[PDB]
Every structure is written in structure tokens, then in C-alpha cells.
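Student: Input structure: entry_30.tsv, which contains TSV, C-alpha atoms.
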chain	number	residue	atom	x	y	z
A	1	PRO	CA	114.23	119.93	67.18
A	2	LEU	CA	111.12	121.06	65.44
A	3	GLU	CA	110.33	123.45	62.63
A	4	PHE	CA	106.60	124.22	62.37
A	5	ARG	CA	104.79	125.73	57.62
A	6	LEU	CA	107.94	126.02	55.52
B	1	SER	CA	88.26	139.53	77.56
B	2	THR	CA	91.81	138.32	78.34
B	3	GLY	CA	93.52	134.86	78.70
B	4	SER	CA	96.77	133.66	80.37
B	5	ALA	CA	98.03	130.12	80.10
B	6	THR	CA	101.28	128.65	81.46
B	7	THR	CA	103.50	127.03	78.82
B	8	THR	CA	105.97	124.28	79.81
B	9	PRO	CA	109.00	122.86	77.94
B	10	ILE	CA	108.50	119.19	76.82
B	11	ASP	CA	112.07	118.18	77.77
B	12	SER	CA	115.29	119.39	79.35
B	13	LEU	CA	116.49	120.69	76.01
B	14	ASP	CA	113.47	123.05	75.50
B	15	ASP	CA	112.87	121.42	72.07
B	16	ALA	CA	109.29	122.72	72.33
B	17	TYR	CA	106.73	124.14	74.71
B	18	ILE	CA	103.21	122.81	75.46
B	19	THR	CA	100.20	124.79	76.68
B	20	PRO	CA	96.95	123.27	77.98
B	21	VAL	CA	93.86	124.06	75.97
B	22	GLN	CA	90.22	123.20	76.66
B	23	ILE	CA	88.24	121.79	73.73
B	24	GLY	CA	84.60	120.65	73.70
B	25	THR	CA	81.68	120.42	76.15
B	26	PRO	CA	82.34	119.33	78.59
B	27	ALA	CA	86.05	120.26	78.21
B	28	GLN	CA	88.67	117.86	76.97
B	29	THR	CA	92.04	119.32	77.88
B	30	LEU	CA	94.84	118.71	75.37
B	31	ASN	CA	98.44	119.95	75.50
B	32	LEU	CA	99.09	121.92	72.33
B	33	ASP	CA	102.24	123.34	70.74
B	34	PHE	CA	101.53	127.07	70.08
B	35	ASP	CA	102.91	127.74	66.67
B	36	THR	CA	103.25	131.30	65.34
B	37	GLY	CA	104.62	129.87	62.06
B	38	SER	CA	101.52	127.92	61.02
B	39	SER	CA	97.86	128.63	60.93
B	40	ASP	CA	96.08	125.31	61.66
B	41	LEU	CA	94.60	124.18	64.96
B	42	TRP	CA	94.97	120.41	64.67
B	43	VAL	CA	94.64	117.69	67.32
B	44	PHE	CA	95.13	113.96	67.78
B	45	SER	CA	91.64	112.47	67.82
B	46	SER	CA	89.25	109.49	67.87
B	47	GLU	CA	89.69	109.36	64.06
B	48	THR	CA	93.50	109.23	64.15
B	49	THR	CA	94.86	105.91	62.85
B	50	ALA	CA	95.46	103.78	65.95
B	51	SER	CA	98.92	102.64	64.89
B	52	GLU	CA	99.80	106.34	64.73
B	53	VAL	CA	98.88	107.23	68.26
B	54	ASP	CA	101.06	106.49	71.22
B	55	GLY	CA	100.27	107.98	74.58
B	56	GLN	CA	98.96	111.25	73.17
B	57	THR	CA	95.73	112.54	74.60
B	58	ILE	CA	93.03	112.35	71.99
B	59	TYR	CA	90.13	114.64	71.27
B	60	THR	CA	86.90	112.63	70.99
B	61	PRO	CA	84.46	114.80	69.08
B	62	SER	CA	81.55	112.41	69.73
B	63	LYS	CA	81.77	113.21	73.52
B	64	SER	CA	81.44	116.99	72.91
B	65	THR	CA	77.91	118.43	72.71
B	66	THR	CA	79.32	121.52	71.09
B	67	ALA	CA	81.12	119.52	68.36
B	68	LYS	CA	79.85	119.56	64.77
B	69	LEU	CA	81.18	118.05	61.56
B	70	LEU	CA	82.19	120.65	58.95
B	71	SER	CA	80.90	118.52	56.08
B	72	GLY	CA	83.14	118.14	53.05
B	73	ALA	CA	85.84	120.17	54.83
B	74	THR	CA	89.34	118.76	54.79
B	75	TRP	CA	93.00	119.64	55.69
B	76	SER	CA	96.56	118.74	54.80
B	77	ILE	CA	99.66	120.38	56.28
B	78	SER	CA	103.46	119.96	55.77
B	79	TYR	CA	106.31	121.44	57.86
B	80	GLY	CA	109.89	122.56	57.35
B	81	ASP	CA	110.41	119.54	59.57
B	82	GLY	CA	109.15	117.34	56.80
B	83	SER	CA	106.43	116.62	59.38
B	84	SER	CA	102.93	115.93	58.01
B	85	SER	CA	99.35	115.74	59.21
B	86	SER	CA	95.91	115.58	57.62
B	87	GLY	CA	92.23	114.88	58.10
B	88	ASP	CA	88.75	116.31	58.54
B	89	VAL	CA	87.31	119.20	60.48
B	90	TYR	CA	84.99	120.06	63.33
B	91	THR	CA	83.78	123.24	64.91
B	92	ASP	CA	83.76	123.36	68.67
B	93	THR	CA	84.27	125.65	71.65
B	94	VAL	CA	87.94	126.18	72.47
B	95	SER	CA	89.26	127.78	75.66
B	96	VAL	CA	92.82	128.99	76.41
B	97	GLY	CA	93.52	130.34	79.87
B	98	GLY	CA	89.85	131.30	80.39
B	99	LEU	CA	89.52	133.06	77.00
B	100	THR	CA	86.73	131.28	75.17
B	101	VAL	CA	86.08	131.04	71.50
B	102	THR	CA	83.07	129.34	70.04
B	103	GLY	CA	82.85	127.85	66.56
B	104	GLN	CA	86.60	127.42	66.34
B	105	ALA	CA	87.76	125.10	63.52
B	106	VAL	CA	89.35	122.10	65.25
B	107	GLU	CA	91.06	120.02	62.64
B	108	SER	CA	90.91	116.36	63.50
B	109	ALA	CA	93.92	114.22	62.53
B	110	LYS	CA	93.13	111.08	60.56
B	111	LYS	CA	96.71	110.73	59.59
B	112	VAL	CA	99.89	111.94	61.27
B	113	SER	CA	103.57	111.36	60.36
B	114	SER	CA	106.01	109.26	62.41
B	115	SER	CA	107.73	112.34	63.91
B	116	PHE	CA	104.42	113.28	65.61
B	117	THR	CA	103.56	109.75	66.71
B	118	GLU	CA	106.90	109.34	68.50
B	119	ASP	CA	106.30	112.69	70.36
B	120	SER	CA	104.03	111.63	73.21
B	121	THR	CA	103.99	115.05	74.95
B	122	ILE	CA	102.40	116.98	72.07
B	123	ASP	CA	98.70	116.41	71.42
B	124	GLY	CA	98.47	118.77	68.42
B	125	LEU	CA	99.33	122.29	67.26
B	126	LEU	CA	97.62	125.69	67.75
B	127	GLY	CA	98.66	127.91	64.79
B	128	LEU	CA	99.01	131.64	65.42
B	129	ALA	CA	100.35	132.88	62.11
B	130	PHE	CA	98.11	134.82	59.72
B	131	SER	CA	94.96	133.04	58.53
B	132	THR	CA	95.97	133.08	54.84
B	133	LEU	CA	98.17	130.11	55.70
B	134	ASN	CA	95.28	127.97	56.94
B	135	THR	CA	95.09	124.72	55.08
B	136	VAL	CA	91.39	123.71	55.32
B	137	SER	CA	89.53	123.08	52.06
B	138	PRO	CA	87.34	123.88	50.29
B	139	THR	CA	86.57	126.71	52.77
B	140	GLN	CA	89.63	128.25	54.49
B	141	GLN	CA	89.26	128.79	58.26
B	142	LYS	CA	90.48	131.47	60.69
B	143	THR	CA	92.95	130.98	63.57
B	144	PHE	CA	92.10	131.03	67.26
B	145	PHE	CA	93.75	134.45	67.59
B	146	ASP	CA	91.66	135.84	64.71
B	147	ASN	CA	88.43	134.48	66.26
B	148	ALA	CA	89.38	136.07	69.64
B	149	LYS	CA	90.66	139.48	68.34
B	150	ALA	CA	87.41	141.34	68.52
B	151	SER	CA	86.49	140.04	71.99
B	152	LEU	CA	90.01	140.96	73.22
B	153	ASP	CA	90.80	144.04	75.29
B	154	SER	CA	93.76	144.58	72.88
B	155	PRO	CA	94.19	142.56	69.70
B	156	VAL	CA	97.51	141.24	70.97
B	157	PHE	CA	99.17	138.21	72.46
B	158	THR	CA	102.53	138.00	74.18
B	159	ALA	CA	105.05	135.13	74.36
B	160	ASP	CA	107.26	134.78	77.37
B	161	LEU	CA	109.15	131.47	76.90
B	162	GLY	CA	111.35	130.16	79.77
B	163	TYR	CA	114.93	128.86	79.56
B	164	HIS	CA	114.68	125.38	81.11
B	165	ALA	CA	111.50	126.58	82.87
B	166	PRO	CA	107.79	127.38	82.32
B	167	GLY	CA	106.59	130.60	80.73
B	168	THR	CA	103.40	132.38	79.77
B	169	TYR	CA	101.18	133.23	76.85
B	170	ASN	CA	98.83	136.14	77.45
B	171	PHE	CA	96.01	137.29	75.19
B	172	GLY	CA	94.45	140.73	75.09
B	173	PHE	CA	97.03	142.53	77.29
B	174	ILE	CA	100.70	143.24	78.01
B	175	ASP	CA	102.05	142.36	81.50
B	176	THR	CA	104.23	145.42	82.10
B	177	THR	CA	105.48	143.29	85.04
B	178	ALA	CA	107.10	140.68	82.80
B	179	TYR	CA	109.89	142.61	81.00
B	180	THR	CA	112.64	145.11	81.76
B	181	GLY	CA	112.98	148.61	80.29
B	182	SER	CA	111.12	149.46	77.06
B	183	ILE	CA	109.36	147.42	74.41
B	184	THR	CA	110.79	148.09	70.96
B	185	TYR	CA	108.25	147.57	68.20
B	186	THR	CA	109.19	146.79	64.64
B	187	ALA	CA	107.34	146.50	61.33
B	188	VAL	CA	105.77	143.20	60.29
B	189	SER	CA	105.29	142.09	56.66
B	190	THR	CA	102.25	139.87	56.28
B	191	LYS	CA	102.74	139.10	52.63
B	192	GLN	CA	103.89	135.52	53.11
B	193	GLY	CA	101.55	135.03	56.06
B	194	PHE	CA	104.35	134.97	58.68
B	195	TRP	CA	105.24	137.24	61.57
B	196	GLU	CA	107.98	138.34	59.22
B	197	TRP	CA	110.25	141.21	60.29
B	198	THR	CA	113.68	142.63	59.65
B	199	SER	CA	116.51	142.55	62.26
B	200	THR	CA	119.03	145.43	62.17
B	201	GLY	CA	122.22	143.42	62.70
B	202	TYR	CA	124.18	141.18	65.08
B	203	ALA	CA	127.15	140.87	67.46
B	204	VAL	CA	129.06	137.79	68.64
B	205	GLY	CA	130.04	137.94	72.31
B	206	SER	CA	131.79	141.17	73.28
B	207	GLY	CA	132.34	141.83	69.55
B	208	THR	CA	131.42	144.81	67.38
B	209	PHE	CA	127.85	145.06	66.29
B	210	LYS	CA	127.48	144.60	62.52
B	211	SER	CA	124.61	146.56	61.07
B	212	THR	CA	123.08	144.30	58.45
B	213	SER	CA	119.43	143.70	57.62
B	214	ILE	CA	118.33	140.15	58.46
B	215	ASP	CA	114.82	139.28	57.30
B	216	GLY	CA	113.14	136.32	59.01
B	217	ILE	CA	110.11	135.08	60.92
B	218	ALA	CA	109.23	134.99	64.59
B	219	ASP	CA	108.35	131.29	65.00
B	220	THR	CA	107.57	129.83	68.49
B	221	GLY	CA	107.14	126.48	66.64
B	222	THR	CA	110.86	126.22	65.70
B	223	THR	CA	113.45	125.11	68.30
B	224	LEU	CA	116.57	126.69	66.91
B	225	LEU	CA	117.92	129.98	65.53
B	226	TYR	CA	118.33	129.87	61.68
B	227	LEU	CA	120.50	132.62	60.26
B	228	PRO	CA	122.39	133.24	56.98
B	229	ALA	CA	125.57	131.18	56.43
B	230	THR	CA	127.82	134.31	56.76
B	231	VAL	CA	126.39	135.13	60.20
B	232	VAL	CA	126.43	131.60	61.42
B	233	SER	CA	130.04	131.08	60.29
B	234	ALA	CA	131.11	134.22	62.23
B	235	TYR	CA	129.49	132.85	65.40
B	236	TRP	CA	131.14	129.43	65.42
B	237	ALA	CA	134.54	130.84	64.40
B	238	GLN	CA	134.70	132.05	68.00
B	239	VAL	CA	134.23	128.57	69.48
B	240	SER	CA	137.36	126.38	69.51
B	241	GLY	CA	136.65	123.00	67.94
B	242	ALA	CA	133.32	123.96	66.39
B	243	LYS	CA	132.76	122.59	62.87
B	244	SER	CA	130.04	121.97	60.37
B	245	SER	CA	129.44	118.20	60.27
B	246	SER	CA	128.14	116.52	57.19
B	247	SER	CA	127.26	113.43	59.25
B	248	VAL	CA	125.12	115.16	61.88
B	249	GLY	CA	123.92	117.97	59.58
B	250	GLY	CA	124.86	121.30	61.28
B	251	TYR	CA	127.46	122.88	63.53
B	252	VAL	CA	128.56	120.83	66.54
B	253	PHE	CA	131.11	121.83	69.18
B	254	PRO	CA	132.95	119.92	71.95
B	255	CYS	CA	130.65	119.81	74.98
B	256	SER	CA	133.35	121.19	77.29
B	257	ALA	CA	133.50	124.49	75.34
B	258	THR	CA	132.24	127.97	76.44
B	259	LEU	CA	129.67	129.46	74.14
B	260	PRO	CA	129.75	133.23	73.55
B	261	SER	CA	126.45	135.09	73.73
B	262	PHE	CA	124.65	136.20	70.55
B	263	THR	CA	123.16	139.69	70.13
B	264	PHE	CA	120.56	140.62	67.59
B	265	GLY	CA	119.14	144.06	66.69
B	266	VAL	CA	115.55	145.21	66.88
B	267	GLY	CA	115.58	148.79	65.68
B	268	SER	CA	118.08	150.64	67.93
B	269	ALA	CA	117.67	148.06	70.64
B	270	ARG	CA	119.59	144.80	71.11
B	271	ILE	CA	118.60	141.37	72.53
B	272	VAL	CA	121.41	139.24	73.96
B	273	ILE	CA	120.99	135.42	73.89
B	274	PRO	CA	123.20	134.08	76.66
B	275	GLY	CA	125.58	131.46	75.34
B	276	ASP	CA	123.95	128.79	77.57
B	277	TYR	CA	120.79	129.08	75.43
B	278	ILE	CA	122.79	127.98	72.39
B	279	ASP	CA	123.93	124.62	73.89
B	280	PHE	CA	121.69	121.81	72.75
B	281	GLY	CA	123.70	119.05	74.38
B	282	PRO	CA	125.39	115.87	73.17
B	283	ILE	CA	124.51	114.95	69.58
B	284	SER	CA	124.08	111.39	70.85
B	285	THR	CA	123.83	109.89	74.33
B	286	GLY	CA	127.39	109.62	75.60
B	287	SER	CA	129.02	111.77	72.87
B	288	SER	CA	131.36	114.54	73.82
B	289	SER	CA	130.08	116.40	70.74
B	290	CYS	CA	127.22	118.82	71.45
B	291	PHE	CA	124.65	120.20	69.03
B	292	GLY	CA	124.64	124.05	68.56
B	293	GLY	CA	121.48	126.26	68.72
B	294	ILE	CA	122.46	128.59	65.84
B	295	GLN	CA	122.35	126.87	62.45
B	296	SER	CA	122.51	127.94	58.82
B	297	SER	CA	119.33	129.06	57.02
B	298	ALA	CA	120.86	128.36	53.62
B	299	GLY	CA	118.80	125.25	52.97
B	300	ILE	CA	115.32	126.72	54.16
B	301	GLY	CA	114.93	129.70	52.14
B	302	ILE	CA	114.01	131.75	55.17
B	303	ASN	CA	115.68	132.86	58.40
B	304	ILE	CA	113.82	131.72	61.54
B	305	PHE	CA	113.94	133.38	64.96
B	306	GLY	CA	112.87	130.20	66.78
B	307	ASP	CA	112.73	129.49	70.49
B	308	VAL	CA	116.50	130.00	71.04
B	309	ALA	CA	116.01	133.74	70.26
B	310	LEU	CA	112.45	134.28	71.45
B	311	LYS	CA	113.03	132.87	74.98
B	312	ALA	CA	115.72	135.55	75.50
B	313	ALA	CA	113.02	138.19	75.04
B	314	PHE	CA	109.57	139.29	76.01
B	315	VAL	CA	107.72	139.22	72.72
B	316	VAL	CA	104.57	141.04	71.69
B	317	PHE	CA	102.60	140.04	68.65
B	318	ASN	CA	100.54	143.15	67.94
B	319	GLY	CA	97.72	141.88	65.71
B	320	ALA	CA	96.40	145.41	64.96
B	321	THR	CA	95.31	146.44	61.57
B	322	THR	CA	98.94	147.31	60.88
B	323	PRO	CA	100.62	144.52	62.80
B	324	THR	CA	103.88	144.97	64.66
B	325	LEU	CA	106.34	142.87	66.60
B	326	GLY	CA	107.61	144.13	70.00
B	327	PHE	CA	110.75	142.86	71.80
B	328	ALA	CA	111.81	143.68	75.36
B	329	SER	CA	114.53	142.37	77.64
B	330	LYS	CA	113.49	140.29	80.61
Could you show the structure in this file as C-alpha cells?

Tutor:
Amino acid sequence: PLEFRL
Amino acid sequence: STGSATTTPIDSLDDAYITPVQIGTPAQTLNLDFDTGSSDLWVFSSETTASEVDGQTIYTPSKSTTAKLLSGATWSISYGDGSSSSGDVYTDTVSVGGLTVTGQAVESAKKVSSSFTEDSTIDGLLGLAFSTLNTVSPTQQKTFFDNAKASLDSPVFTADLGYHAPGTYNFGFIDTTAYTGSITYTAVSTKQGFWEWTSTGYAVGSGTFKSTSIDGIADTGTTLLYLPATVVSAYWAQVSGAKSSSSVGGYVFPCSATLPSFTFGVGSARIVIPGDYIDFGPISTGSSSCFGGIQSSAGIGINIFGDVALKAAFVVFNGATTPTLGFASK
């Protein structure tokens, strides 16, 4: 999975 | 001026979706990950450290006649992923789906983290959050969407992500063809620079709808659905064998289980995510333990409506001077 500007 | 481009999942899990984009003159076509939760257009490039590129397609700015160094200018970005990227910055002509924007900031990777290097199908990101999040120094840049807005027929793009299948991103218009019934629009808060909105509650399967305000961001650049621990515990309570694993780091369930659907509220409307969307397959090759698509937000600080929720809907990002978020069924 990916989680893009946190 | 409008633009449609087809967007394609990178694997059978729909971890992410790539869209072809034309950069440079003549065009170099790179496959970018459209990211409504960041604000940087960054690409693998002729300056990227060679031990950090795989079989990504690189952007060679010295072969573009439209390409110009933005002298002194510089970027650094970090993701919820823990993913990282940095380098220097060009302006160049960028085209998506026939919509052209000239003097777009194209941020050229010198460095790139391992997570990006091992992902051969993604050549870079195209950020479509609000420009306040852009990372370029000393002079902050605007996003592709922001540069197009004025040229657009409507200052809007839609996302229409496929389950196990291609989809579409349109710019400057709404394909009334693409959804069912009505679009329900809801207020967006820009204050943190996200497509941040507030959901009106949830149901699990055929269960009662609980009206409760869930604040989070529409993020095409996140795979999964991230919801408060309360909500996420109620969902997996309905799946026999499901448990939060400290080893794997989230809820897993036996692969042979049936997954209830998940409903969330936008205003008086409801979007149902079929349970099949929530299956993210064996945690390891061969395992009979499968990774769930709804996970706890407790450790992020923010709830994320990622691709698991967005691909159940037809989604409008209304970039007007009071922005809104529309959802329809499809």
C-alpha cells in the first residue's frame, strides 16, 4: 500500500 | 479546454493507479501517480542517482527544448508512507489527456527512497491537493490543476477509479454518463491544504446507519480506507476470525471469509463499498491470512478516504473559489 503528504 | 486520461491499476491489488502524462518537447511520456493528497509534480530523471533507479522511465530535461532550470529552486517531500524524495526543479510544458500547461514546475528527483526505487511502474507523482502544500523552495510553485484552472471550461476534475480495472480522470467537465443518480456535493475545508471534508456517518453491511461526523481527506494517493479505531473495530467485529495483528500491523482476516460491505455518508446520501473492495489478499504469498482494506487511523492523526472508498464512487473535485467535493454512485 501507499500513503501519499502526512 | 478539457482533458481526459485513462488511469490503470499498477497490480491486481489496485495498490495504486498510473496515468500517462506528456512532459517536454518533444514529449517524453511518463506514468504518474495522481495524488490528491500532495502538491508536488515530481519525476524520476536524468539527475536521479543511478543506484536508485530501476526500470522506471526517466525524464531527461536536456532533451526537451521547452525545459529550463529554475535556478536555486529546490524540493524535499515526505509521505505518511515514510516515503521520501528530493531534488531540483525545471519548468516545462506538461500535457495530460490533451490538456496542455506551459511553464509547469516539474520537480526533478536527485534522490528517491527505497520504496520508490523498488516500484518500477511509477515514474513519479502528480500532486492535486492545494498549492499551499507545495514543497519547492525558496519560491513555492503551483500544481498542474491550479495552472490549468483558468483555461478550463469548469475549474473541476473528476476521479473515476476502477475496481480491478482502468478508470478515468477528466479535467474541465463532468461526464454525466459516468455515474448513476445525483451528485451530492459537500463542503471542503482547505485550511490544512487537503481535500478535507466531513462524512455524516457509517453502516456495516445490512446494519443500522450510525450518524457520526467523520472528518478526513479525499486522497487518491492512499490505497486503503483509514477510519477511527471505534469505526474500524465495529467493521471487523462482523468478520469471523478477524483480528488486529501486532506482527503484520493492522487487521487481517482468514482469506476464506465473506466481507460485509461498508457504507459511508455524504450529506443525506450514502456510498456502499462492496465487501470485495476491502479484500487485499494474503498478507504473504501462500498465507491463508488476508490483509483488510479498512484500517485504523489512530496512528496518522487524520482519517483518509483512500482508493478503497473513492473507487466505489464517482468523485468530483470542484476547485471553485469555494471548493466542494461531489460523490455519486456508479

Student: So that I can see what lies close to segment 290-306 of chain B, please list as a PyMOL selection string the residues with an atom at most 7 Å from it, counting all atoms listed in the file and leaving out residues fewer than 6 positions away in the same chain.

Tutor: chain B and resi 215-229+232+250-255+278-283

Student: Tell me, as a VMD selection string, which residues lie within 9 Å of residue 116 of chain B, counting all atoms listed in the file; anything in the same chain fewer than 4 positions away does not count.

Tutor: chain B and resid 52 to 53 83 to 85 112 120 122 to 124

Student: Leaving out residue 6 of chain A and any residue of its chain fewer than 4 positions from it, which residues lie within 10 Å of it when counting only C-alpha atoms, given as a PyMOL selection string?

Tutor: chain B and resi 37-38+78-82+300-302

Student: Measure the distance from atom CA of residue 179 of chain B to atom CA of residue 271 of chain B in Å and round it to one decimal.

Tutor: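 Separating atom CA of residue 179 of chain B from atom CA of residue 271 of chain B is a distance of 12.2 Å.
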
Student: Which residue out of B:154, B:22, B:36, B:132 has the minimum interatomic distance to residue 4 of chain A when only C-alpha atoms are used?

Tutor: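 Smallest distance to residue 4 of chain A is found for B:36.
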
Student: Just checking: using only C-alpha atoms, which residue out of B:307, B:24, B:192, B:171 ends up closest to residue 3 of chain A?

Tutor: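 Of B:307, B:24, B:192, B:171, the one nearest residue 3 of chain A is B:307, counting only C-alpha atoms.
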
Student: Atom CA of residue 209 of chain B and atom CA of residue 328 of chain B are how many Å apart?

Tutor: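 Between atom CA of residue 209 of chain B and atom CA of residue 328 of chain B the gap works out to 18.5 Å.
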
Student: Can you work out the spacing between atom CA of residue 47 of chain B and atom CA of residue 66 of chain B in Å, to one decimal?

Tutor: 17.5 Å

Student: Counting only C-alpha atoms, figure out which residue out of B:323, B:26, B:162, B:87 gets nearest to residue 178 of chain B.

Tutor: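 For residue 178 of chain B, the nearest of the given residues is B:162.
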
Student: For segment 201-225 of chain B of the block above, can you save N, CA, C and O atoms as an mmCIF file, in the first residue's frame?

Tutor:
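Output below, filename decode-v4.cif:
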data_model
loop_
_atom_site.group_PDB
_atom_site.id
_atom_site.type_symbol
_atom_site.label_atom_id
_atom_site.label_comp_id
_atom_site.auth_asym_id
_atom_site.auth_seq_id
_atom_site.Cartn_x
_atom_site.Cartn_y
_atom_site.Cartn_z
ATOM 1 N N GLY B 201 -21.619 9.720 8.573
ATOM 2 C CA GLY B 201 -21.785 8.527 9.418
ATOM 3 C C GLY B 201 -21.418 7.258 8.667
ATOM 4 O O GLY B 201 -20.759 7.367 7.633
ATOM 5 N N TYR B 202 -21.806 6.100 9.172
ATOM 6 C CA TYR B 202 -21.420 4.833 8.535
ATOM 7 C C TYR B 202 -22.402 3.728 8.902
ATOM 8 O O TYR B 202 -23.086 3.853 9.916
ATOM 9 N N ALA B 203 -22.449 2.695 8.081
ATOM 10 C CA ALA B 203 -23.106 1.405 8.345
ATOM 11 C C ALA B 203 -22.155 0.255 8.051
ATOM 12 O O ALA B 203 -21.245 0.364 7.229
ATOM 13 N N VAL B 204 -22.302 -0.859 8.745
ATOM 14 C CA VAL B 204 -21.600 -2.091 8.361
ATOM 15 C C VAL B 204 -22.587 -3.162 7.932
ATOM 16 O O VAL B 204 -23.528 -3.415 8.681
ATOM 17 N N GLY B 205 -22.400 -3.634 6.714
ATOM 18 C CA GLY B 205 -23.340 -4.486 5.977
ATOM 19 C C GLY B 205 -24.741 -3.896 5.977
ATOM 20 O O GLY B 205 -24.970 -2.748 5.602
ATOM 21 N N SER B 206 -25.668 -4.770 6.317
ATOM 22 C CA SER B 206 -27.120 -4.547 6.374
ATOM 23 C C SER B 206 -27.507 -3.898 7.695
ATOM 24 O O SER B 206 -28.670 -3.962 8.092
ATOM 25 N N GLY B 207 -26.522 -3.358 8.389
ATOM 26 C CA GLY B 207 -26.653 -2.793 9.738
ATOM 27 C C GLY B 207 -27.230 -1.388 9.793
ATOM 28 O O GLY B 207 -27.332 -0.679 8.793
ATOM 29 N N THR B 208 -27.643 -0.945 10.967
ATOM 30 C CA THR B 208 -28.127 0.437 11.100
ATOM 31 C C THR B 208 -27.005 1.423 10.798
ATOM 32 O O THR B 208 -25.900 1.274 11.311
ATOM 33 N N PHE B 209 -27.481 2.497 10.200
ATOM 34 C CA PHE B 209 -26.584 3.622 9.898
ATOM 35 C C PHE B 209 -26.332 4.454 11.144
ATOM 36 O O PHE B 209 -27.260 4.915 11.806
ATOM 37 N N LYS B 210 -25.087 4.604 11.559
ATOM 38 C CA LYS B 210 -24.796 5.481 12.701
ATOM 39 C C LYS B 210 -24.369 6.860 12.226
ATOM 40 O O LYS B 210 -23.314 7.096 11.638
ATOM 41 N N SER B 211 -25.233 7.814 12.521
ATOM 42 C CA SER B 211 -24.874 9.222 12.281
ATOM 43 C C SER B 211 -23.783 9.661 13.246
ATOM 44 O O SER B 211 -23.980 9.785 14.453
ATOM 45 N N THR B 212 -22.607 9.848 12.678
ATOM 46 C CA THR B 212 -21.463 10.421 13.400
ATOM 47 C C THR B 212 -20.507 11.101 12.434
ATOM 48 O O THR B 212 -20.273 10.538 11.366
ATOM 49 N N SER B 213 -20.056 12.284 12.807
ATOM 50 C CA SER B 213 -19.239 13.102 11.899
ATOM 51 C C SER B 213 -17.824 12.559 11.812
ATOM 52 O O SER B 213 -17.115 12.396 12.805
ATOM 53 N N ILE B 214 -17.423 12.131 10.632
ATOM 54 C CA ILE B 214 -16.046 11.664 10.409
ATOM 55 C C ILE B 214 -15.294 12.607 9.482
ATOM 56 O O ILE B 214 -15.641 12.761 8.316
ATOM 57 N N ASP B 215 -14.311 13.295 10.026
ATOM 58 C CA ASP B 215 -13.543 14.276 9.243
ATOM 59 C C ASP B 215 -12.363 13.602 8.560
ATOM 60 O O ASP B 215 -11.607 12.943 9.272
ATOM 61 N N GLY B 216 -12.172 13.679 7.256
ATOM 62 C CA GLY B 216 -10.915 13.114 6.738
ATOM 63 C C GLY B 216 -10.677 13.654 5.338
ATOM 64 O O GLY B 216 -11.402 14.570 4.950
ATOM 65 N N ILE B 217 -9.684 13.123 4.651
ATOM 66 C CA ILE B 217 -9.305 13.710 3.357
ATOM 67 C C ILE B 217 -9.583 12.753 2.210
ATOM 68 O O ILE B 217 -9.332 11.554 2.306
ATOM 69 N N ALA B 218 -10.068 13.302 1.112
ATOM 70 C CA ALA B 218 -10.105 12.508 -0.126
ATOM 71 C C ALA B 218 -8.710 12.376 -0.717
ATOM 72 O O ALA B 218 -8.148 13.406 -1.097
ATOM 73 N N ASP B 219 -8.148 11.184 -0.790
ATOM 74 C CA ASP B 219 -6.728 11.044 -1.153
ATOM 75 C C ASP B 219 -6.544 9.945 -2.186
ATOM 76 O O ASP B 219 -6.490 8.775 -1.813
ATOM 77 N N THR B 220 -6.544 10.200 -3.485
ATOM 78 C CA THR B 220 -6.336 9.153 -4.496
ATOM 79 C C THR B 220 -4.972 8.500 -4.320
ATOM 80 O O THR B 220 -4.746 7.499 -4.998
ATOM 81 N N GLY B 221 -4.053 9.115 -3.597
ATOM 82 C CA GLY B 221 -2.674 8.641 -3.413
ATOM 83 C C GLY B 221 -2.510 7.704 -2.226
ATOM 84 O O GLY B 221 -1.369 7.303 -1.985
ATOM 85 N N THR B 222 -3.582 7.362 -1.534
ATOM 86 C CA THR B 222 -3.588 6.333 -0.481
ATOM 87 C C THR B 222 -4.418 5.133 -0.911
ATOM 88 O O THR B 222 -5.485 5.273 -1.503
ATOM 89 N N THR B 223 -3.903 3.936 -0.702
ATOM 90 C CA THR B 223 -4.518 2.664 -1.114
ATOM 91 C C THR B 223 -5.794 2.411 -0.324
ATOM 92 O O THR B 223 -6.849 2.142 -0.894
ATOM 93 N N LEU B 224 -5.655 2.532 0.984
ATOM 94 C CA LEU B 224 -6.621 1.929 1.913
ATOM 95 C C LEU B 224 -7.581 2.988 2.460
ATOM 96 O O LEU B 224 -7.313 4.157 2.181
ATOM 97 N N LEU B 225 -8.557 2.513 3.211
ATOM 98 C CA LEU B 225 -9.516 3.325 3.975
ATOM 99 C C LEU B 225 -9.100 3.420 5.443
ATOM 100 O O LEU B 225 -9.076 2.403 6.132
#
